[PDB]
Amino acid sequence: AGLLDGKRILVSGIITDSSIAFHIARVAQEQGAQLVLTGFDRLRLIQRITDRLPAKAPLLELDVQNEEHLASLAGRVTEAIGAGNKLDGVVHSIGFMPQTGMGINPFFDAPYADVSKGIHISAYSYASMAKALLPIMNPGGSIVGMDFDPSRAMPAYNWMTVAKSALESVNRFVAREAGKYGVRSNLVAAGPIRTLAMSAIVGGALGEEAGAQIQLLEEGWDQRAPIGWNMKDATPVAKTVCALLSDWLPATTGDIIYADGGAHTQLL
């Protein structure tokens, strides 16, 4: 009761109880929203994880790279929430980049095939999702994507960064198409969070030199952030996503809200 009350959100990207979408989904349900979830290949796996959320919600399979899914999407969602009911929010907390494009291989060594598979799932996928769901969304609705500041080159994230720069730009062209439907398209740029995947790298999985850089990346975050930064609490970013699906930011589209403690506005 409050904020997301009586809205229908479709949260994607969950794959562990650590995943930044899981935390969005929880806060959403906490605000009175009827959710719909999305999965990839380990389905039975996320089914278990999702079964832990404050309340029950469906799980539709969605491999962003798969055409059939993107075509089937619009309908599958309808049967789930009831026909004649339209979608109020779409969270795109999804992204991917192979070991090579990330920190194991240096920038110049990642082949386009990998660099491609990457930009497809993190950049382009936002657009293909906006397409497949736009028709069934309520006006005053909201589409939102998870992103990180790519304005400055930083070590270790190598290509995943470019992927995000593309993503930031795609958001702007999605802000156009959505506009006609009276839908807002935004991006929340988050600071680092120890998710299962992030933790693994800091643990020296994708190279020792990479894990050390990401180690020194987080370290510098709380240093700049005037309100500090807890890289193990996804609630703060999760609650900003809510503010962006709630009708409280009704005049902002093709934008980026920063959930990073203010680090991006500080030099040192």
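Numbering starts at 1 and follows the sequence shown. By rigid core we mean the largest C-alpha set that fits within 1.5 Å across both forms.
Colleague: Could you tell me which of the two stretches, 102 to 110 or 182 to 190, has its Cα atoms lying farther from the shown structure in 8 other deposited structures of this protein after fitting on the rigid core?
Modeller: Stretch with the higher C-alpha RMS distance in 8 other deposited structures of this protein: 102 to 110.
Colleague: For the higher mean C-alpha B factor in the entry, choose 6 to 14 or 246 to 254.
Modeller: That would be 6 to 14.
Colleague: When the C-alpha temperature factors are averaged for each of 59 to 67 and 227 to 235, which stretch ends up with the higher value in the entry?
Modeller: According to the PDB entry, the answer is 59 to 67.
Colleague: According to the deposited entry, which of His92, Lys86, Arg152, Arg176 has the largest Cα B-factor?
Modeller: Result of the comparison over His92, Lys86, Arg152, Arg176: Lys86.
Colleague: Per the entry's Cα B factor values, which of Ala33, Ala212, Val27, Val241 stands out as the maximum?
Modeller: Comparing C-alpha B-factors across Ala33, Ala212, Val27, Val241, the top value belongs to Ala212.
Colleague: Among all modelled residues of this chain, ranked by Cα B factor, put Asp147 in the bottom, middle or top third, i.e. lowest, middle or highest.
Modeller: Lowest third, going by the recorded CA B-factors of the chain.
Colleague: Using the B-factor values recorded in the entry, state whether the Cα atom of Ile136 falls in the lowest, middle or highest third among the modelled residues of its chain.
Modeller: Its C-alpha B-factor belongs to the middle third of this chain's values.
Colleague: Based on the entry's values, in what third of the chain does the Cα temperature factor of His120 lie: lowest, middle or highest?
Modeller: It falls in the middle third of the chain.
Colleague: What third of its chain's C-alpha B-factors does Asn105 belong to: lowest, middle or highest?
Modeller: Highest third - that is where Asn105 ends up once the chain's C-alpha B-factors are sorted.
Colleague: If you rank the chain by CA B-factor, which third does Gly182 end up in: lowest, middle or highest?
Modeller: Its C-alpha B-factor, which the entry lists for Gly182, ranks in the middle third among residues of this chain.
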